[PDB]
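Participant: Protein chains in written order, with the authors' numbering: chain B, 1 to 375; chain C, 1 to 375; chain D, 1 to 375; chain W, 66 to 120.
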Amino acid sequence: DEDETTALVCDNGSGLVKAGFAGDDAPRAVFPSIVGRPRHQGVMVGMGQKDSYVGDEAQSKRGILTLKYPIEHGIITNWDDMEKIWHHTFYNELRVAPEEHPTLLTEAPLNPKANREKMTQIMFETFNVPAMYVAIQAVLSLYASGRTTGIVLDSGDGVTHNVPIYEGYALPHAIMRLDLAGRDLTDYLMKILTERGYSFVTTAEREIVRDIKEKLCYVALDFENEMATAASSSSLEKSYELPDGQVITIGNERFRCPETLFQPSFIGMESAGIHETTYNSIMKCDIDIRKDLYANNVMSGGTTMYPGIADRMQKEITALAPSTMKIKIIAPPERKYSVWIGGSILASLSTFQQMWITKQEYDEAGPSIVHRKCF
Amino acid sequence: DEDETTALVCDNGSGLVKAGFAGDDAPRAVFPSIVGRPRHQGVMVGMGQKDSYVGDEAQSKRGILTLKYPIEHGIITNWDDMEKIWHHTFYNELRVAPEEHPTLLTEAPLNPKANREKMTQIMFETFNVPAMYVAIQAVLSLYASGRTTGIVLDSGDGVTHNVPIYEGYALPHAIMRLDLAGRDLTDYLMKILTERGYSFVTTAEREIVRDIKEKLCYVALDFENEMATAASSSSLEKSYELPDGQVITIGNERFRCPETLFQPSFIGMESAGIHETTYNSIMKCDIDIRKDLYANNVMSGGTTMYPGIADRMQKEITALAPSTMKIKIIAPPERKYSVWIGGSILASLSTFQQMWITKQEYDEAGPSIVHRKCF
Amino acid sequence: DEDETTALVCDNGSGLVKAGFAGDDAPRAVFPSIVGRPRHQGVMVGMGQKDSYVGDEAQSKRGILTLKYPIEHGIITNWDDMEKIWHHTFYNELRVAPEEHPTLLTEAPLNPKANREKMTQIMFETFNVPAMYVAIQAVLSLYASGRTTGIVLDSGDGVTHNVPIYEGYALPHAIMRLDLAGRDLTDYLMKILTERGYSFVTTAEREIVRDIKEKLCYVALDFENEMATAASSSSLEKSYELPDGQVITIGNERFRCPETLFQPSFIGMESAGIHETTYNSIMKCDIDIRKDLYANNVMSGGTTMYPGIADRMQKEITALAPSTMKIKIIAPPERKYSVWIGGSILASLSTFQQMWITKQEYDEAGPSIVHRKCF
Amino acid sequence: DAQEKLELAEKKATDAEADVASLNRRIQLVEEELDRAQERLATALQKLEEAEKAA
Ligand SMILES: Nc1ncnc2c1ncn2[C@@H]1O[C@H](COP(=O)(O)OP(=O)(O)O)[C@@H](O)[C@H]1O
Ligand SMILES: Nc1ncnc2c1ncn2[C@@H]1O[C@H](COP(=O)(O)OP(=O)(O)O)[C@@H](O)[C@H]1O
Ligand SMILES: Nc1ncnc2c1ncn2[C@@H]1O[C@H](COP(=O)(O)OP(=O)(O)O)[C@@H](O)[C@H]1O
Numbered sequence: 001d002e003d004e005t006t007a008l009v010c011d012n013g014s015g016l017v018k019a020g021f022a023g024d025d026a027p028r029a030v031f032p033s034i035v036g037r038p039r040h041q042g043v044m045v046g047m048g049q050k051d052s053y054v055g056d057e058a059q060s061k062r063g064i065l066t067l068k069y070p071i072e073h074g075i076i077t078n079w080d081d082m083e084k085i086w087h088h089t090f091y092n093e094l095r096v097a098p099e100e101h102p103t104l105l106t107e108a109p110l111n112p113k114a115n116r117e118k119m120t121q122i123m124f125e126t127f128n129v130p131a132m133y134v135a136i137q138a139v140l141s142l143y144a145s146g147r148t149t150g151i152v153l154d155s156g157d158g159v160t161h162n163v164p165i166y167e168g169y170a171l172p173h174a175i176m177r178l179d180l181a182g183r184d185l186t187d188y189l190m191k192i193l194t195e196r197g198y199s200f201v202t203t204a205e206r207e208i209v210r211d212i213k214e215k216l217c218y219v220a221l222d223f224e225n226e227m228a229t230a231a232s233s234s235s236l237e238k239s240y241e242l243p244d245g246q247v248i249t250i251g252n253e254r255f256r257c258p259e260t261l262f263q264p265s266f267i268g269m270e271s272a273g274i275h276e277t278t279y280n281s282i283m284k285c286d287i288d289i290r291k292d293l294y295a296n297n298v299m300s301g302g303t304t305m306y307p308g309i310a311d312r313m314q315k316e317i318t319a320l321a322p323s324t325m326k327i328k329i330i331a332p333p334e335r336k337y338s339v340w341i342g343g344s345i346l347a348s349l350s351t352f353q354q355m356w357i358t359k360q361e362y363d364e365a366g367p368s369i370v371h372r373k374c375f
Numbered sequence: 001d002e003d004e005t006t007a008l009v010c011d012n013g014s015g016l017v018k019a020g021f022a023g024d025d026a027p028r029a030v031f032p033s034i035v036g037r038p039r040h041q042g043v044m045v046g047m048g049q050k051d052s053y054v055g056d057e058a059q060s061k062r063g064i065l066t067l068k069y070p071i072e073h074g075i076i077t078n079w080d081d082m083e084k085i086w087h088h089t090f091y092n093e094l095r096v097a098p099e100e101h102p103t104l105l106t107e108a109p110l111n112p113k114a115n116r117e118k119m120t121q122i123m124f125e126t127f128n129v130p131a132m133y134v135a136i137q138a139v140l141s142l143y144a145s146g147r148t149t150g151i152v153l154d155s156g157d158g159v160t161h162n163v164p165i166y167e168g169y170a171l172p173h174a175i176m177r178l179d180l181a182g183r184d185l186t187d188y189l190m191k192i193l194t195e196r197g198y199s200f201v202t203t204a205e206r207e208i209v210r211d212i213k214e215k216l217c218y219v220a221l222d223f224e225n226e227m228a229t230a231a232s233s234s235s236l237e238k239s240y241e242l243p244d245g246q247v248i249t250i251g252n253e254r255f256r257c258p259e260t261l262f263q264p265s266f267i268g269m270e271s272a273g274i275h276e277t278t279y280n281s282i283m284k285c286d287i288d289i290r291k292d293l294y295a296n297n298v299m300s301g302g303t304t305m306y307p308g309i310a311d312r313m314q315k316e317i318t319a320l321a322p323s324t325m326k327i328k329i330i331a332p333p334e335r336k337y338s339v340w341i342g343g344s345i346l347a348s349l350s351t352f353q354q355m356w357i358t359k360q361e362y363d364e365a366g367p368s369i370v371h372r373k374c375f
Numbered sequence: 001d002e003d004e005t006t007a008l009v010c011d012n013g014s015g016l017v018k019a020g021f022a023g024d025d026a027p028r029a030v031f032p033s034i035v036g037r038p039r040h041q042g043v044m045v046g047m048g049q050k051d052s053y054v055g056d057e058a059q060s061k062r063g064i065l066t067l068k069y070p071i072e073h074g075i076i077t078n079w080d081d082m083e084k085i086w087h088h089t090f091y092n093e094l095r096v097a098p099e100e101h102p103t104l105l106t107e108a109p110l111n112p113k114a115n116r117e118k119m120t121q122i123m124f125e126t127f128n129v130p131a132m133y134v135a136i137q138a139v140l141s142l143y144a145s146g147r148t149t150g151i152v153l154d155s156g157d158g159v160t161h162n163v164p165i166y167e168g169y170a171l172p173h174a175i176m177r178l179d180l181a182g183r184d185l186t187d188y189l190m191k192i193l194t195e196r197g198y199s200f201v202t203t204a205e206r207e208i209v210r211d212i213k214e215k216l217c218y219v220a221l222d223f224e225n226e227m228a229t230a231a232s233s234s235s236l237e238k239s240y241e242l243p244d245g246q247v248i249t250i251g252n253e254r255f256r257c258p259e260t261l262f263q264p265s266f267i268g269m270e271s272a273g274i275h276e277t278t279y280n281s282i283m284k285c286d287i288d289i290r291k292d293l294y295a296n297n298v299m300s301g302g303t304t305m306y307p308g309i310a311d312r313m314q315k316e317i318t319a320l321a322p323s324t325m326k327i328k329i330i331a332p333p334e335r336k337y338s339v340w341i342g343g344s345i346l347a348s349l350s351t352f353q354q355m356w357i358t359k360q361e362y363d364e365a366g367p368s369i370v371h372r373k374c375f
Numbered sequence: 066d067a068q069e070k071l072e073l074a075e076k077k078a079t080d081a082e083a084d085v086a087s088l089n090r091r092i093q094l095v096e097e098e099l100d101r102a103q104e105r106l107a108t109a110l111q112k113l114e115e116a117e118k119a120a
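1) Looking at chain C, which residues of the stretch 165–181 of chain B have a Cβ within less than 9 Å of any of its Cβ atoms?
2) Would you please state the rounded distance, in angstroms, between the beta carbons of D/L104 and D/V9? I believe it to be under 8 Å.
3) What separation, rounded to the nearest whole angstrom, lies between the Cα atoms of D/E72 and C/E241?
4) Quick check: the Cα distance between C/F262 and C/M227, rounded to an integer number of angstroms?
5) Verify the contact flag: C/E226, CB atom, against every heavy atom of ligand 1, threshold strictly below 6 Å.
6) Just checking: is the beta-carbon of D/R206 within a distance shorter than 7 Å of some beta-carbon in chain B?
7) Anyone know if the C-beta pair for D/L94 and D/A26 falls short of 7 Å?
8) What residues in its chain sit with their C-beta under 8 Å from that of C/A231, if we drop five residues either side in the sequence?
9) For chain D, find out if any of its Cβ atoms is closer than 7 Å to the Cβ of C/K113; answer yes or no.
10) How far does the alpha helix (DSSP H) with D/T277 in it reach, from first residue to last?
11) Ligand 1 heavy atoms versus the CB of B/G55: any closer than 6 Å?
12) Could you tell me whether any non-hydrogen atom of ligand 3 is closer than 6 Å to the CB of D/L67?
13) Hey, is the stretch 42–51 of chain D in contact with the stretch 161–174 of chain B, meaning 3+ C-beta pairs nearer than 8 Å?
14) Whose C-alpha, out of B/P264, B/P322, B/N296, is nearest the C-alpha of B/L180?
15) I want to see whether chain B comes within less than 7 Å of C/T202, judged by CB atoms only; does it?
16) Run through DSSP, which three-state label would B/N128 get?
17) Using a threshold of 7 Å, state whether the C-beta atoms of D/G182 and D/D157 are closer than that.
18) Going by DSSP in three states, B/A97 sits in which element: helix, strand or coil?
19) Should D/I267 be flagged as near chain C, meaning a C-beta pair shorter than 7 Å?
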C-alpha cells in the first residue's frame, strides 16, 4: 500500500484522528478518537455484538454503546484506548505496522507533559516504532499555510492553546490557552435544543447533535442583527433529519452554538472568546513582532468550517488592533486538516531527520526522552 | 476610633493595599487591590448581593465574581475602582473620613506621572482630604529599614524601579526600571503547573496560584542543585491544599517560579535578572558612592519573602563585585511592609510637615501641584 | 568592484559605521555597528536563520534579537563582532577585500591605546591588509571642513573628545574630554517617555527611542523659553509612529533630550556641556592661537543635525567668549559624515602616501607599532 | 456551476485581491512616499524656518 518507510502521521485529537503517511497531501483515513462499549444485551439475530468497539465500529453501533474519548481537554489519559485507536488506523486503513516506519504525533507547548511522554512510551513499547517525534500543532499549521510567522489558533474539540511563532521561533510567554472548544459548542447546542423541545442526553444523542452542528450551524458575522431576524422568522431556519425520521429545525440557536467562541459566558466561562486570546498572544509579543502576527492569524483545527468564522475572526481582531497595520485571517480550504498537512511537511523535511527519538535512545532513556529531543 | 488628626497612610500597588495611620509600625489592615463583580445572573430574589465588592469582600465572595485590579505596573488606570477601595479602607478599617485627616500615598519615581496626579486629585476632589503628600516608595523602605544609603530594589507586584540612594540623595541616572514583578512570577507558575497537569485560568484559579506561590515557592540559593534533586525525587515536593479538598504537589517548579527574578527570560523579558540591575545601579554611581551601595543592597516590597531570596541576592552581587568591599543584603522583618512603615515615619517627621499639600493650595493650583510640592 | 587599489576608509564607532573608497565624496556602506543574537528558542525546522545577525540584518530581524554593539565609549571590547561587521561592510557592501587595499580606521586622540592596537591587528591578521593607518577624527573633520585650525567638538555616540588644533598641530593640554554622548541622550529620552506613559525596556524598544530622537528631537536657540512653551501647550507636540501601528506624542521631551548636551546634569554628569568645553579648549591655548580657534568652532560627528544646534553652539560660546572677538560656528553639510569624508581626503593626499604601516613593518613589530607610526 | 462560479468568484476575489494587493503595495509605497515627501517637506520647511531665521 505504501512504497517507502516514510513517517506515519497521526493527528489524534479529542474529536477525530487524522492518520496517513508523510509526504502525502491528506490522511488516508479519519476516525473518531473513540472506543465504544455496550450497555445492552443484543436481542436480534445477526446483530454482531462485541465487548468493545473501536473507531468507526464504535460510531456505527453507537445506538447501544457509551462512547468514550481517550482525551480530556487536550491530553490522553486513556492509554489503553489510544492503543486500540492507533492499532486500528495503522493496521486496517494505512495497512502498516509502525515497527517498519517512524511516527509523528502532535500536541501544543503548554499541553501537560504526560501526553507527549505516554504517546512516546506506547509507540516504542507496544508498536515497536523505530523512531518518534511529537510535534507542535502550531508548527505544523504554519508549514501547511506557507508561514514561518503567525498565530495559530488551534480551535480543537477539547482545547484551544493559541500559540504565536515568529521567524520560526517560539514566543512561549505569549501562549494563551483556553478551556473553549468544539465539544463545548456541541454541549451548548444540546441544551438549547432541549429548550426548543428536542432533548438530547445519551451518547448517541450527543453525537447526532454533533452532526446537526456540523451541517446546520454557522457563526454569523453580526450576531445581534442575525438573531433579530433568525429569532423572528422561520425563513432563517434549517431542517435536519433525525435517525427515527423526525425533523428538528434550528433558528437563532443555529448561530447561538458557535457564538460561544465569541461569547464563552454562554457556557459559564470567564472569557471573551477565541479572538481575545488571538489578540492577546499578538499583544504579548514585542512591537516589531506584533505587526507580522496581526497580518497572519492562522487557522488550525475544526470549527473553522463555520459559515462566517473566518469573516468574523478578521473583523473581531481588526476591531481591537491598532490602525495602519494589516489584520488578516489565513483560512485556507485546508481547515481542520492544516495540522495533518503540516505533519506530513515536517516529517518529510531532510532537516527533520535529525529531530527523531530513535528506539535505541528510548530504550536507554525511557519516555522522558521526548522532552530532550522534541520541544 | 482615632483620637488625633494624624495622617492616614496607604500603599496602593498592583498587588496589595497596605493601610494604617501615621505613627504606627505596621498597616492596620491589608486588602488586595481588587474590585470584584458578579459574572453570573442572579436566580433567587431577595438575596441582597452587591453590584461590586472590594478588597477582602471581593475575595470572600469570589466564587461567582470576576476579580479586577485597578492598578497595572504601579499605575492606577481605573480611578473609580480605587475610589471604592480607598473609601472602604479609610472608613471601614481605619475608621476615618479623610476630610478630617491628611493622607499619604506613594509611588516609585519612574511610575508614569499620571499616577501621582490622580492620587493627589482623587483624595482632594472626591474625599476632600485637608492635605496630601505623594511619597517615594524607595525612600519609604529606607526609612523603615534604618538606612540613608543603598540600592532600593522595590520589586512589587507589577514592576521593579530599582534606585540607588546615597546620603539621602537620589542618583537618578542609575535607575534600572524593569518589567519583572510578583504578578509575572504567578503567571510563570500557572504555565509550569499546567505542564504538571494542573491548569489554572479563571479568577478563582488565578487566586489559588498566587496563594500557592506565596506559601510553597522559594528561590533556591543554588538553582542547579535544587532542580537536580527536585526534578528527580518526590522528597523535594510540597503539597498545597486546593479550596475544594483536592491537592497539588510541586517539585522543581516550586523554585522555577521565583527563579524568574534571576531568569526573566522565563516570562519573555530581555533581562539578566534583579541582581544584574542591582549591580548596574551600583556600578553607574560615582566611584566613591559604589563602596557604600555594595554594602547596602536594600530590599523593598514583597517577592522578598522567598526562602533563599536574600541568601541568593547577597551571593549574586558578591560574585559580580570586585571583591574587597563587603557586599550585604538588607532584608529586614519590615519586609513587604517597609514601604507602608516608611510612610508612617515620613508623614510624622517634624521636618516633613511643610511638605504637605494643603487643600487650599491644591484648589488654587489644580492636580499638577503634585509636581511642585511632592517630588 | 572598483578598478583601482585606492585606500579604503571606514569610520566604525559605537553607534554607526560609515565606509567607502578613498577619493570619493561619500561612504558607500552605511550600517549600524551591531551584531544581533536570538533571545528565543527556534521551534520550526528548516527555517534558515543565523547564529548571529550583522548590521542591517541585526536591525531587520530585531523583533526577536538582543542587539549588542562591540564598541564601548569609543573602544572595541569585542573584536569578534568587529570582524563580522568589518567583513560585512567591506566584502559584502563595499564589495572589496582589504587584502588588495591600504585601510584607514579612526579614533579620538585619548581613546585608550588598545583601540589602535586592535584595529591595526585585525586588519593585518584577519583581513591581510597590505597597509594600515589609524587616523585622528579631529584631523579628518578639519580636512573635510576645509580647515587646519579650529576646535573640533565631535559629539560622538559614546564620547565627546573636544580637541583644539592650530596650523595642523594639536594643543593636547587643552583637550577637554567628556563622558557625555548621543547614547546617553537616548537613555534620557526613554526615561522621560516612561514619565509620559510609554516605557521602553527591551532592544526593539531601545532602537525605537533612538529613532524617535533622530527624527523628532531638536535644541532650538533657547531651551528654557522653549520648555516654558512646550510644557504649557500641545502645539509643541509631535507624533511618532511606533512599529505596531500605535503612536506616541512627544512634547517638551522632544528638546529635553538634546538639551542634555548643554545641561549634562540631566543624566547625572558632572559637566558644563559641549559649549563650555569648546570654550575651555580655546581658553587654555596660547593667546595668539585663541583668536583663530574662536573664529573656528568646528562640528564633527552626529547630533549636529538637531534643528537649531549650529546656532545654539555659536550663541552659547559667544556668551562665554570675550567681546571684540569673533565667534563663528563651522557647521558644514558634511556633518555626521565629516570623519568619513576627511578619511577619504587624508587617504588620497600625496603627502600621506608614505604614512600607512606596511604589512612588513607590522609583521616585524606587532600592533604596538601603531603608536610609533600613526599617533 | 456553483463550483465554477465559486472558482470564478474566488478568482474575481483573487484578481480583485491581486489588484487590491497591488494597490495595497501602492498605498504602502506611495503613502510611504507621501510621508517621506511630507517629512522631506517638514524638513524643508523646518530648514526654511531656520533659513529664514538665517535670512
Ligand atoms: N462545519 C463544521 N461546523 C462546526 N464545527 C466543525 C465543522 N467542521 C469541523 N468542526 C469541528 O472540529 C472538530 C474536528 O476537527 P479537528 O480539530 O482537526 O479534530 P481534532 O479536534 O480531534 O484535532 C470537531 O469537534 C468538529 O465538530
Ligand atoms: N511569601 C511570598 N512569596 C512570594 N511573593 C510574595 C510573598 N510575600 C509577598 N510577596 C508579593 O508581594 C507583592 C505585593 O507587595 P508590595 O511590594 O508591598 O507591592 P508594592 O510595593 O509595589 O506596593 C505581591 O505580588 C505578593 O505576591
Ligand atoms: N537627526 C539626528 N538627531 C540626533 N542625532 C543624530 C542625528 N543624525 C545623526 N545623529 C547621530 O550620529 C551618530 C553617529 O554618527 P558619527 O558621529 O559619525 O559616529 P562616529 O563619529 O563615532 O563614527 C549617532 O549617535 C546618531 O544618533
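Every residue gets a Cβ at the ideal spot worked out from N, C-alpha and C, and that includes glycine.
Facilitator: On the basis of the data shown:
1) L171, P172, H173, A174, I175, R177, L178, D179
2) The sequence position of residue 104 of chain D within the third sequence is 104, counting from 1. The sequence position of residue 9 of chain D within the third sequence is 9, counting from 1. Right, their Cβ atoms sit about 5 Å apart.
3) Translated into positions along the third sequence, residue 72 of chain D becomes position 72. Translated into positions along the second sequence, residue 241 of chain C becomes position 241. Between D/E72 and C/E241, the C-alpha separation is close to 53 Å.
4) For the purposes of this step, residue 262 of chain C is identified with residue 262 of the second sequence, where counting begins at 1. For the purposes of this step, residue 227 of chain C is identified with residue 227 of the second sequence, where counting begins at 1. Taking the straight line joining both Cα atoms gives about 15 Å.
5) Taking the first residue of the second sequence as position 1, residue 226 of chain C is located at position 226. Answer for C/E226: no, Cβ out of range of ligand 1.
6) As a first step, residue 206 of chain D must be located in the third sequence, where it is residue number 206. D/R206 does not count as touching chain B.
7) Numbered from its first residue, the third sequence carries residue 94 of chain D at position 94. Numbered from its first residue, the third sequence carries residue 26 of chain D at position 26. No, the pair does not count as a contact, with Cβ atoms beyond the cut-off.
8) On the second sequence, residue 231 of chain C is found 231 positions in, with the first residue counted as 1. Cβ neighbours of C/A231 beyond the five flanking positions: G251, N252.
9) The residue labelled residue 113 of chain C in the question sits at position 113 within the second sequence. Yes, because at least one Cβ of chain D sits closer than 7 Å to the Cβ of C/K113.
10) Start at 1 with the first residue of the third sequence, and residue 277 of chain D comes out as number 277. D/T277 -> alpha helix (DSSP H) spans 274–283.
11) Position 55 of the first sequence, counted from the start, is the residue given in the question as residue 55 of chain B. The answer is no for B/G55.
12) On the third sequence, residue 67 of chain D is found 67 positions in, with the first residue counted as 1. No, Cβ of D/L67 sits at least 6 Å from all heavy atoms of ligand 3.
13) yes
14) Stepping through the first sequence from its first residue, residue 180 of chain B is reached at position 180. Comparing Cα positions, the closest option is B/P264.
15) Position 202 of the second sequence holds residue 202 of chain C. Closer than 7 Å to some Cβ of chain B, the Cβ of C/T202 qualifies, so yes.
16) On the first sequence, residue 128 of chain B is found 128 positions in, with the first residue counted as 1. B/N128 falls in the coil class under three-state DSSP.
17) Locating residue 182 of chain D in the third sequence gives position 182, counting from the first residue. Locating residue 157 of chain D in the third sequence gives position 157, counting from the first residue. Cβ distance < 7 Å, so D/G182 and D/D157 count as in contact.
18) Along the first sequence, one-based indexing puts residue 97 of chain B at 97. In this structure, B/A97 counts as coil in the three-state DSSP scheme.
19) The residue given as residue 267 of chain D occupies position 267 in the third sequence. Yes, its Cβ sits closer than 7 Å to a Cβ of chain C.
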